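Notes follow once the structure below has been shown.
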Amino acid sequence: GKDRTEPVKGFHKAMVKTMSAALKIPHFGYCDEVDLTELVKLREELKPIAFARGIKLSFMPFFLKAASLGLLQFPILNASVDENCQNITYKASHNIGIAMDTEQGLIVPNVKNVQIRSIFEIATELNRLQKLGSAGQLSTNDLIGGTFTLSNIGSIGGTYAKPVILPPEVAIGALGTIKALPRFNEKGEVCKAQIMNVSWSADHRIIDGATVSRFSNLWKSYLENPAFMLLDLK
Amino acid sequence: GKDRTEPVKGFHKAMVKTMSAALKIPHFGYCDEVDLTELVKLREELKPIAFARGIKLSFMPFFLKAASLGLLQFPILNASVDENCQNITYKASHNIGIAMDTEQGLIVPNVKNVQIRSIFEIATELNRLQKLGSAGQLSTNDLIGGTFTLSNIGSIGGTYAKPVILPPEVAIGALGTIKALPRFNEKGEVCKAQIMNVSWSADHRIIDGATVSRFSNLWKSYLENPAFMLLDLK
Amino acid sequence: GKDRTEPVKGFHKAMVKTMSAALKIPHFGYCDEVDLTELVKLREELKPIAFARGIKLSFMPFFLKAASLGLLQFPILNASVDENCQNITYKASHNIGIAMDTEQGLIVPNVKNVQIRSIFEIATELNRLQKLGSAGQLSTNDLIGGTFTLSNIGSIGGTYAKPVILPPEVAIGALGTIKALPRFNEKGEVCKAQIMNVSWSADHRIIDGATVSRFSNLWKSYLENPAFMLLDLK
Amino acid sequence: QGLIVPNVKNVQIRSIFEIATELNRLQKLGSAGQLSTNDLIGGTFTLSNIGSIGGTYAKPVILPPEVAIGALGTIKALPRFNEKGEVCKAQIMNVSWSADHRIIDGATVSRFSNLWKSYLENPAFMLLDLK
Ligand SMILES: [Cl-]
Ligand SMILES: [Cl-]
Ligand SMILES: [Cl-]
Ligand SMILES: [Cl-]
């Protein structure tokens with residue numbers, strides 16, 4: 001009923017620091033829509049196997065592995081840049097951050113080395129990370145050395161977004177809500193289509209539009225055609 | 001057919017200072033689409049009552065009232081931050097700004113204390129502010145004290161936008177054109193649906209994604225199911 | 001399996017500087033969807049007239065001509081602004097840049113003087129700049145003097161975007177993929193509509209939302225109903 | 001020149017694509033009499049694709065010192081039921097396994113078989129544990 005004034009205190013101080021650092025990066029935005037009908041089908045048929053192993057299976061393992069596969073072809077997106085963007089460090093480890101909000105807001109644990117993990121290992125690893133993170137009990141090692149971030153705004157709502165890049169990373173994407181929409185198929189009839197939006201932000205100092213673009217189509221094509229993923233997994 | 005160079009004079013000076021000031025804010029964008037069918041119909045039936053009362057009823061009063069109702073639960077979106085985001089002031093009054101362009105550039109009057117005003121009063125205050133705005137007769141009190149801003153780009157066209165937060169506020173939303181699109185209902189059939197897109201921008205130093213998202217959901221449910229609002233209004 | 005640090009060098013340093021000089025610009029984002037169904041048809045008809053004159057014809061020359069017509073109406077969008085935004089230079093020529101990525105990064109050649117060129121001469125100029133651009137032989141004069149920029153992200157993929165304004169310009173558009181979507185027609189029946197998304201960013205210091213939105217609308221009606229262009233050309 | 005059984009090394013660590021590559025080569029090699037000792041030795045397990053000429057079921061001969069072999073027949077389109085009770089075009093391929101009954105028992109070939117088949121009938125399940 002009156003104005004209350006307060007200090008930005010405790011943990012909230014870190015978000016201020018991070019997002020201010022983020023103003024030094026000219027964000028380029030590139031968004032698209034991805035047809036997840038196959039993937040949803042795919043997932044429904046994998047839930048029984050993962051449940052039988054003690055693991056809930058979201059879409060995220062899929063998204064994460066596809067980005068990993070994507071970053072093999074476009075390593076620049078898994079890089080870091082220095083104080084005034086004079087030097088680029090290309091990172092070997094695909095340590096993808098899963099953006100989370102807690103009772104304390106922004107916290108970004110990462111799955112280490114997705115490049116050598118199975119979809120199933122990543123499920124397992126996300127499951128550990130939520131258990132811990134909602135328990136307020138996420139460790140330092142889980143929190144450092146991220147190379148690239150995904151953020152599932154769609155777990156709550158949303159179509160497109162403009163996510164903020166997390167220094168020293170050069171990219172992030174946001175995934176919206178999976179939604180049934182009327183869409184045409186090869187036959188030209190109106191199908192139910194399981195449609196999701198993705199928004200990528202990138203540091204346009206060193207990552208051009210074609211690279212985000214091309215990365216995005218590859219990532220996307222792994223998800224629309226999940227067999228495409230089968231070809232290069234070991 | 002030659003290049004003309006001109007001073008930015010007078011009133012145009014202030015947009016320069018307002019927008020440059022917004023460079024210090026790290027903008028997180030979050031977007032959605034809102035199904036306004038029930039609201040379009042709802043407006044048709046109220047239109048004759050408000051015309052009888054002498055008011056023109058647009059969608060804004062509803063957006064505004066749904067925003068305020070939303071800000072009761074996410075009061076941090078109706079707040080301010082200081083020079084370096086050290087201290088947040090949570091504002092009790094919902095003084096929601098409405099952006100306009102005038103011959104003289106950007107002007108943003110606000111409706112005071114929406115938290116204690118009915119949709120109909122809001123309608124009235126809008127017409128008052130619109131008349132005045134376009135007559136160049138807005139008072140100082142009409143302009144000062146804004147706590148949150150809506151921007152109806154949809155009066156002209158557009159789907160999504162990236163609106164610019166107005167210091168010292170922490171959030172702004174842009175509303176796009178109402179468009180009839182084909183969408184599924186519960187029975188899985190193709191419908192006429194009135195769809196509006198909304199774009200929020202938020203100061204990500206103190207507002208996190210969940211906050212902006214859950215707010216958007218809540219706001220969004222008040223409008224897609226108008227009668228939800230009716231529960232807590234006195 | 002190893003990290004690698006390399007410097008940003010030579011022909012890459014330039015993208016660093018450009019994109020960093022864009023951080024001084026408060027970017028306003030406005031987006032829309034265009035119905036390109038009549039243009040696709042129209043393009044089909046002209047294709048065997050261009051092939052017979054040596055010219056590949058895409059959509060870009062239409063986009064260029066429709067932007068130039070827009071700019072005659074809204075000359076402030078083909079304008080420049082000084083060191084701290086205190087003078088506007090309104091620019092006669094519509095030198096419109098086409099944003100390209102090379103095996104060399106970001107290159108932005110422009111078509112000089114679109115306001116005095118036919119769609120055909122525009123097509124001719126685009127072809128030329130593509131032969132030269134993809135062979136890394138663009139001259140200095142093709143490179144300098146741009147007043148306004150369009151960027152065809154959609155030759156690769158994408159829906160909406162946040163393009164980064166190139167100083168000293170004040171605006172830029174990005175065009176998405178032309179995608180066949182189900183849409184209602186006049187009679188309220190479900191049609192195959194060729195839908196493209198467009199995304200403009202504009203220097204909000206001197207450009208208000210009204211002008212970006214009205215410009216868009218004009219641009220968009222030239223493309224949705226191409227006869228309108230006919231009316232005024234010589 | 002008769003029976004020649006080269007082998008793909010270390011399948012457990014190679015991708016499908018990698019394996020298609022190594023077969024392409026093994027074939028160019030074999031069908032010119034130019035497989036090396038290394039291509040030829042060290043086999044742990046054998047498949048036999050009789051279906052490239054024709055056939056349904058078979059009784060292939062385990063190659064000592066290995067303990068199992070499988071033959072794959074032709075892929076024919078056959079009428080089969082789906083979940084819903086309707087008559088569809090199904091591609092049915094027969095497999096025949098022979099196993100050294102001294103140390104391999106019936107359940108093992110069975111379950112193995114089921115699994116292999118499982119991965120093939122539902123090619124997506126292969127996704128889960130590949131990396
Ligand atoms: Cl920017
Ligand atoms: Cl930012
Ligand atoms: Cl900004
Ligand atoms: Cl749509």
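Counting starts with 1 at the first residue shown.
The backbone N, Cα and C atoms fix where each Cβ goes, and this holds for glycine too.
Swiss-Prot lists C:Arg43, C:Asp101, C:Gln130, C:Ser151, C:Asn152, C:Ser155, C:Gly176, C:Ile178 as CoA-binding residues, and of the candidates C:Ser58, C:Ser80, C:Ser118 the one it assigns to that same site is C:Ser58.
Applying an under-8 Å Cβ distance to chain A, the recorded positions C:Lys2, C:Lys47, C:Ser151, C:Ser155, C:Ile178, C:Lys192 reduce to C:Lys2, C:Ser151, C:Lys192. Taking C:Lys41, C:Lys47, C:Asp101, C:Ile178, C:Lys187 as the recorded positions under consideration, the smallest Cα distance to C:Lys13 (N6-succinyllysine) is found for C:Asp101. Counting every protein chain shown, the number of other Cβ atoms lying within 10 Å of the Cβ of C:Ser151 (CoA binding site) is 22. The Cα of C:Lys56 (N6-acetyllysine) lies closest to that of C:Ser155, out of the recorded positions C:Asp101, C:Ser151, C:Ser155, C:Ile178, C:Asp208. Taken residue by residue with DSSP, C:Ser155 (CoA binding site) is part of a helix. Recorded residues C:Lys47 (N6-acetyllysine) and C:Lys41 (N6-acetyllysine) have their alpha carbons 10 Å apart, per Cα-Cα distance. The separation of C:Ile178 (CoA binding site) from C:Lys41 (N6-acetyllysine), Cα to Cα, is 13 Å. Between the farthest pair of Cα atoms in the CoA binding residues (C:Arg43, C:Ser58, C:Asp101, C:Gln130, C:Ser151, C:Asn152, C:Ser155, C:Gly176, C:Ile178), the distance is 25 Å. Of all the recorded positions in the list C:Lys2, C:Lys187, C:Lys192, C:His204, the shortest Cα-Cα distance to C:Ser151 (CoA binding site) is found for C:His204.
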